[PDB]
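Q: Next up is a structure, given as structure tokens.
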Amino acid sequence: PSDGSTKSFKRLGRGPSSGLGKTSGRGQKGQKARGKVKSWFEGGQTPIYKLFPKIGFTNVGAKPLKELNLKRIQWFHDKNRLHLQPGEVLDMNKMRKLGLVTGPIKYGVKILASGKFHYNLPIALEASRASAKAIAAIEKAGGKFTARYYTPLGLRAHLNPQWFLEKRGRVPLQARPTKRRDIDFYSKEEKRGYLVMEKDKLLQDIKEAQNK
Amino acid sequence: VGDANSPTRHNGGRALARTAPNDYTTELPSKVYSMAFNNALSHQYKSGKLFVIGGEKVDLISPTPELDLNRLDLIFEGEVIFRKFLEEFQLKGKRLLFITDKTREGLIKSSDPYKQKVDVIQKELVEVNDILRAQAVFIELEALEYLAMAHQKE
Amino acid sequence: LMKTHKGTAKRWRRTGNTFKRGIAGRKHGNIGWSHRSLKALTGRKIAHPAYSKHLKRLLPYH
RNA sequence: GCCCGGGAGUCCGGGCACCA
RNA sequence: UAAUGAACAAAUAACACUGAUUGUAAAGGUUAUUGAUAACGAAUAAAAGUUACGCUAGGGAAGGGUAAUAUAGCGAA
RNA sequence: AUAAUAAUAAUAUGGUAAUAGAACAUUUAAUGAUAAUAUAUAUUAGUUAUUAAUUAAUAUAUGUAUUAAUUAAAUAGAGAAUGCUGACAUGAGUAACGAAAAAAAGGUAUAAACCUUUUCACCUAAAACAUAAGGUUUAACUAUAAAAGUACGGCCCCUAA
RNA sequence: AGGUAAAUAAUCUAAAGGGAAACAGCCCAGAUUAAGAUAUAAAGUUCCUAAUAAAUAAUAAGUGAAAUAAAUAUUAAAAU
RNA sequence: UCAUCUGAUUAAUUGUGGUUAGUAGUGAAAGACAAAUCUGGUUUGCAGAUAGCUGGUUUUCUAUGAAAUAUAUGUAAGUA
RNA sequence: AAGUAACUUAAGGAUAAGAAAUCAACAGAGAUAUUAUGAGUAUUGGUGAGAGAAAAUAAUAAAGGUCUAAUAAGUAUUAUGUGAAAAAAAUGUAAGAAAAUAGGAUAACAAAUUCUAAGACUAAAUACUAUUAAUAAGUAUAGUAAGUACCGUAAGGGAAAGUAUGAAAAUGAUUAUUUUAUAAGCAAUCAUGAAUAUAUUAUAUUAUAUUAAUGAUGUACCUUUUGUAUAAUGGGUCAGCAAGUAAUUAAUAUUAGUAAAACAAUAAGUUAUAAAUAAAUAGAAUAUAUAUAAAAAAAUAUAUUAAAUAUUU
RNA sequence: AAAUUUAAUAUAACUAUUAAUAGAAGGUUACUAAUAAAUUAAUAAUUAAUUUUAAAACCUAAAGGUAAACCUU
Ligand SMILES: [Mg+2]
Ligand SMILES: [Mg+2]
Ligand SMILES: [Mg+2]
Ligand SMILES: [Mg+2]
Ligand SMILES: [Mg+2]
Ligand SMILES: [Mg+2]
Ligand SMILES: [Mg+2]
Ligand SMILES: [Mg+2]
Ligand SMILES: [Mg+2]
Ligand SMILES: [Mg+2]
Ligand SMILES: [Mg+2]
Ligand SMILES: [Mg+2]
Ligand SMILES: [Mg+2]
Ligand SMILES: [Mg+2]
Ligand SMILES: [Mg+2]
Ligand SMILES: [Mg+2]
Ligand SMILES: [Mg+2]
Ligand SMILES: [Mg+2]
Ligand SMILES: [Mg+2]
Ligand SMILES: [Mg+2]
Ligand SMILES: [Mg+2]
Ligand SMILES: [Mg+2]
Ligand SMILES: [Mg+2]
Ligand SMILES: [Mg+2]
Ligand SMILES: [Mg+2]
Ligand SMILES: [Mg+2]
Ligand SMILES: [Mg+2]
Ligand SMILES: [Mg+2]
Ligand SMILES: [Mg+2]
Ligand SMILES: [Mg+2]
Ligand SMILES: [Mg+2]
Ligand SMILES: [Mg+2]
Ligand SMILES: [Mg+2]
Ligand SMILES: [Mg+2]
Ligand SMILES: [Mg+2]
Ligand SMILES: [Mg+2]
Ligand SMILES: [Mg+2]
Ligand SMILES: [Mg+2]
Ligand SMILES: [Mg+2]
Ligand SMILES: [Mg+2]
Ligand SMILES: [Mg+2]
Numbered sequence: 066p067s068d069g070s071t072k073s074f075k076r077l078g079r080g081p082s083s084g085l086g087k088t089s090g091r092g093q094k095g096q097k098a099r100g101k102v103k104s105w106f107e108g109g110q111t112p113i114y115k116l117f118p119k120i121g122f123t124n125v126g127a128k129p130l131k132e133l134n135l136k137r138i139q140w141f142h143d144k145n146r147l148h149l150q151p152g153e154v155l156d157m158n159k160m161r162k163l164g165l166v167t168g169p170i171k172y173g174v175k176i177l178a179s180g181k182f183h184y185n186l187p188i189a190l191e192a193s194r195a196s197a198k199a200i201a202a203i204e205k206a207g208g209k210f211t212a213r214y215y216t217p218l219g220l221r222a223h224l225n226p227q228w229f230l231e232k233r234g235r236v237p238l239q240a241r242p243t244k245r246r247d248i249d250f251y252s253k254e255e256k257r258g259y260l261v262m263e264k265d266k267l268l269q270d271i272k273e274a275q276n277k
Numbered sequence: 116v117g118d119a120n121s122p123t124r125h126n127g128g129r130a131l132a133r134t135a136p137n138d139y140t141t142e143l144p145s146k147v148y149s150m151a152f153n154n155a156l157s158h159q160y161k162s163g164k165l166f167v168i169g170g171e172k173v174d175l176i177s178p179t180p181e182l183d184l185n186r187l188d189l200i201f202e203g204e205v206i207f208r209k210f211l212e213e214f215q216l217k218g219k220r221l222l223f224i225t226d227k228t229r230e231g232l233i234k235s236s237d238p239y240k241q242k243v244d245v246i247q248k249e250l251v252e253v254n255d256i257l258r259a260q261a262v263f264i265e266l267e268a269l270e271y272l273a274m275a276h277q278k279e
Numbered sequence: 054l055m056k057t058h059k060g061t062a063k064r065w066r067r068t069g070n071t072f073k074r075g076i077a078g079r080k081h082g083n084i085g086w087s088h089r090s091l092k093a094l095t096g097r098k099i100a101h102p103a104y105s106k107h108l109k110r111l112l113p114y115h
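Residue numbers (the entry's author numbering), protein chains in the order written: chain J, 66 to 277; chain D, 116 to 189, 200 to 279; chain Z, 54 to 115.
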């Protein structure tokens, strides 16, 4: 094997000169020396876990988005690993195909402005949302961002509809937003949401309902 | 004294016994394995104990002779032929490895008298150990190509 | 397999390398004490090195 | 802390929660 | 320079923070406050005795030292 | 700009609990020449800063290494458990040989102990004679313990608990 | 009190070697392996037992000679 | 075992068979007996119960090398 | 601990389960069975000890769908007592519905989705046995004897022991060499005469080996201890056997492979790539600029982060 | 040209895995508890497959008893 790969393991209770002779690294006569005592036992003083107050909650309704910086995109472009004349919109699916966004995507991607100062690509971008700064940068570039909504299943479909096609000769259509918060978000102009930038039917319907 | 099963006493059990099916299996990154395979092949080639056999796929400079084919295949006569070949090539006692594109049954039959020193392996099941072990390897061209494709690089 | 100590999880939360926790001592018996003094007993606090090992063992997946 | 019994007040005795 | 008490579980208010199909809610959280564990870092909401009928694991987690007292002797009277 | 070996100068080299680094023996798996002038194990004497290996002589195998070496692994090393099993000691040729009456002659120029005769003794409301139960048939034995029944038992009939 | 409780330093614990008759803890000194010529430490130098010669006083009790026993009494000696 | 001593027509002794026992019988009651001995048998199993306790833990060579303090502890033979 | 051991009952070659009064989320899927991931996540606990899903995606699997009910009340449901540490479906006791224009499914209600209870059958993957075949860094104390001998009244417990060979030791007798009857103590080490033995270079005034003249030095070993020659623990001697191992995870290190990606590449998924906050629709140009948190009109102030002709971490 | 060795195989070991296939007599002592074919294929004897066929004491909760291997019908 390569130098530095392997060591000899320590052999206990095998004669004195070895170094780990009779007591074999345990010392003398304790509970530790024979019986098992949980490593993190505190002696009976209230433990670090039991002392402090328990805090917060886990928002299960939460959906953490994968972050993706403009800088990375720019780098990719520079490299020439970014092929977007065929598909004018760089959607999440497209990103994943490229490598752009790697690993699994559960909820969606948020675009973030890390290298906004050095970003200059007149491109149509789609993602689950983007920071204000990023959006501004994109607009400066002469690009076009819109923020879309995808439910898990919908997102999955988007990412690779090929699989869906293979399975049941069809792709599942995109769900509307239903959570009020989500709806609100997509309505918002500053967030650059797909409800107002595309002028969706849902919003209109809601308005009608409100009226009557 | 307790029960008579203590490992302290001659008739008793064994301390820290190993139990039924022991699992010694380990992992290796696929890429690393591929690299190793490639390395083995390279070593073999350097030795000059790599011999490739083939014909149908590539244009031949010299024309394939009669009474002999490129399939890696053959009292039964085949066995005799094999023996003759061995005699010719000074590789009687040494171990050899035939890496084959498909189950050349005839070849295997011919070789089985010399089973102790002869490995005959299907393409997909060839092992690094088997190559390394073998004093001389005989591989089909197609098989070789397949192997290369498998352990490419990308 | 090995599992998180849920109590510890509830108390502690992972921030980069270390863990954060709520200060103890603020639940009651607060009156009469100066509110400027009690400001210190609010807020989070970072794990002392002494006990980091223990924390790590407690919550192996954080 | 709340409710009684001996307009407000005092002084006494019952309960009813709190009991981590 | 003393004048004090952790977490947990309850309770009251504020926060707009999540709202398990959506909307409400419930519930949780954030902030502020409440009552005690005086064996006072608090084992449980809740707990006293006896065994010379006892049993298990262990530990020792008259001699030696001293001469207060005792006996004996001295100096002074 | 490394490694191996050798110099020169310097500093350092006790060690329980403990940490760190490096080796050897044993056994198994992968690869593997060789050879009865060889090998393996043993004894004795050498050799190498030596738990090891090697040399020579000797003795016993064995047509001969899982052999050298590198890896992989371990039921991988024992004076310490009032350890466990086996063997053999020590006390030791010591205590004891378990209620006690033996003698001669002859079986048998084989007998304190077996048998026979005689003498003597012991038990005798027993150490006798009949039996029940019990049990490696121990017996006067394989050529072996004999029943229609009446101071013969079972089974059989009849029931008790 | 070879007691007990803490403070400071050392040693022992975990430290072999020389000395302290023998000796955990005292006095010196820290053993990688030898070798044994030269400095030596603490301790010693009649013999046991490695190594010694002097000088000036005092002691006559074996006091004393590696573990100092007190008040006091007697006798002497110096100084005023 | 020997001697001595007590009951010896009775609440006597004894043969043969049967019934009652393991949260559990029987007991003129001693916690006595329930197959050489029980404040509750034995066997099999749970079972490698658990033990802050005792003992034990096997080759060699090199380098470094402590502590017996503070704080907390139903804690003081333990552990942080 | 654990619905585990145990006891009891009943069936079959397998049994159980099984074609949604199921999951889900407004997009959808489409029986069970149990393996990867999801995930040690949600959920939960004297919020201690600890316990812990489902959807979804993958495998394994077989043709997997298909009527045998004139479609189902003392049933659903409610009250109350129980009831797989998290997710109900069950159940004792009494109250007790409705016709697809109807029921069930979520603390509750309103919307909306979805399924149709009180009738049924069901191969395959699976469990266990037995045989055959293959593979053994498995066993000769896990290598066939024997459930025998023997032990116990009984339930019950339970041996030795293949064949060769054998200069292994402990242990006994004997012989040789040597030392030993004026000498006292871990029986050794060092010094040091003498005697004997062997040696095909003892040429010798030799070399080795054996041996209690004689001298000096020398409180067995382990354990446990502040400390042991201790008259503290343990061992009669020898031979054999007798103790840090495995599984599933987590964190650190070293080296290797690949590298802004890595593993796996069926699809998933895991970690990394962005810090912060309880959480939320918030999130990066020398710092004095910026990001997040508390605060706020915006800054300041505190904490942590990012940011310096180039080639991203 | 026969022997020797090496590796594999038995009616003749168990254990673990993987793959296939299938879902099965003990004792006791004696008046001891046995066999007989056919058909088909292979080559009259033949071996195999497929078959029919004789015997088979006593005991092993439930002809009915008992103290298992006995008795009574
Ligand atoms: Mg050590
Ligand atoms: Mg101790
Ligand atoms: Mg110990
Ligand atoms: Mg300890
Ligand atoms: Mg208390
Ligand atoms: Mg307390
Ligand atoms: Mg109490
Ligand atoms: Mg005393
Ligand atoms: Mg005394
Ligand atoms: Mg050292
Ligand atoms: Mg061992
Ligand atoms: Mg031994
Ligand atoms: Mg030893
Ligand atoms: Mg022993
Ligand atoms: Mg005697
Ligand atoms: Mg005598
Ligand atoms: Mg005698
Ligand atoms: Mg006699
Ligand atoms: Mg005679
Ligand atoms: Mg008479
Ligand atoms: Mg008689
Ligand atoms: Mg003291
Ligand atoms: Mg110590
Ligand atoms: Mg010393
Ligand atoms: Mg020191
Ligand atoms: Mg030194
Ligand atoms: Mg004197
Ligand atoms: Mg003296
Ligand atoms: Mg009777
Ligand atoms: Mg009593
Ligand atoms: Mg009685
Ligand atoms: Mg040192
Ligand atoms: Mg303790
Ligand atoms: Mg079924
Ligand atoms: Mg069914
Ligand atoms: Mg459970
Ligand atoms: Mg139905
Ligand atoms: Mg018996
Ligand atoms: Mg001593
Ligand atoms: Mg002893
Ligand atoms: Mg009868």
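Note that CB positions come from ideal geometry on N, CA and C, so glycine has one too.
Count the other CB atoms within 10 Å of the CB of Z/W86; is the residue buried (16 or more) or exposed (fewer)?
A: exposed
Q: At 3 residues or longer, what runs of the beta strand (DSSP E) sit wholly inside the stretch 151 to 187 of chain J?
A: 174 to 177
Q: Would you mind giving the Cβ-Cβ distance between J/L220 and J/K175, rounded to the nearest angstrom? I have them listed as a contact below 8 angstroms.
A: Not confirmed; about 13 angstroms, so no contact.
Q: Is there contact here, the stretch 252 to 259 of chain D with the stretch 57 to 75 of chain Z, by at least three beta-carbon pairs under 8 angstroms?
A: no
Q: What does the Cβ neighbour count give for Z/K80, buried or exposed, with the cut at 16 atoms within 10 Å?
A: exposed
Q: What does DSSP give as the partner residue(s) for Z/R66 in the beta ladder?
A: Z/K73
Q: With a threshold of 8 angstroms, are at least 3 pairs of Cβ atoms found where one atom belongs to the stretch 167 to 181 of chain D and the other to the stretch 208 to 216 of chain D?
A: no
Q: Quick one: grab the DSSP three-state call for residue 194 of chain D.
A: You won't find residue 194 of chain D in this model, because chain D goes from 189 right to 200.
Q: Would Z/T61 count as contacting chain J if we go by Cβ distances under 7 angstroms?
A: yes
Q: Would a C-beta distance cut-off of 7 angstroms place D/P122 and D/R129 closer than the cut-off?
A: With contacts defined as CB atoms closer than 7 angstroms, D/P122 and D/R129 qualify as a contacting pair.
Q: Under 8 angstroms: do the stretch 176 to 187 of chain J and the stretch 195 to 211 of chain J share three or more Cβ pairs, one atom per stretch?
A: yes
Q: Could you name the residues of chain Z that J/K119 contacts, counting a contact when the two beta carbons are closer than 7 angstroms?
A: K63, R64
Q: Please classify D/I224: is it buried, with 16 or more other beta-carbons within 10 angstroms of its beta-carbon, or exposed?
A: buried
Q: State the Cα-Cα distance for the pair J/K244 and J/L267, rounded to the nearest angstrom.
A: 13 angstroms
Q: DSSP state of J/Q275, grouped into three classes?
A: helix
Q: Helix, strand or coil, according to DSSP, for J/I120 in the structure here?
A: Coil.
Q: Pair every Cβ in the stretch 254 to 271 of chain J with every Cβ in the stretch 207 to 227 of chain J, then say whether three or more of these pairs are closer than 8 angstroms.
A: Yes: the two stretches touch, three or more of their Cβ pairs being nearer than 8 angstroms.
Q: Report yes if the C-beta distance between D/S235 and D/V245 is below 7 angstroms; otherwise report no.
A: no
Q: For the 8 angstroms Cβ check, are there 3 or more pairs between the stretch 154 to 174 of chain J and the stretch 127 to 141 of chain J?
A: yes
Q: For a minimum of 4 consecutive residues, which ranges assigned as the alpha helix (DSSP H) are wholly contained in the stretch 82 to 139 of chain J?
A: Fully enclosed alpha helix (DSSP H) runs of no fewer than 4 residues occupy 113 to 116 of the stretch 82 to 139 of chain J, in order along the chain.
Q: Is Z/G75 close to chain J, meaning its C-beta is less than 7 angstroms from at least one C-beta of that chain?
A: yes
Q: With DSSP as the reference, label D/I176 as helix, strand or coil.
A: coil
Q: Using 7 angstroms as the limit for Cβ to Cβ distance, is Z/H107 near chain J?
A: yes
Q: Which residues in chain J sit within 8 angstroms of Z/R110, going by Cβ to Cβ distance?
A: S104, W105
Q: By the three-class DSSP mapping on this structure, what secondary structure does J/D270 have?
A: helix
Q: Entirely within the stretch 220 to 257 of chain J and at least 4 residues each: give me those alpha helix (DSSP H) ranges in chain order.
A: 226 to 233, 245 to 252
Q: Have a look at the DSSP bridge pairing and note the partners of J/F141.
A: DSSP lists no beta-bridge partner residue for J/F141.
Q: Could you tell me which chain J residues have their CB closer than 9 angstroms to the CB of Z/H58, listed as they occur along the chain?
A: The contacting residues are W105, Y114.
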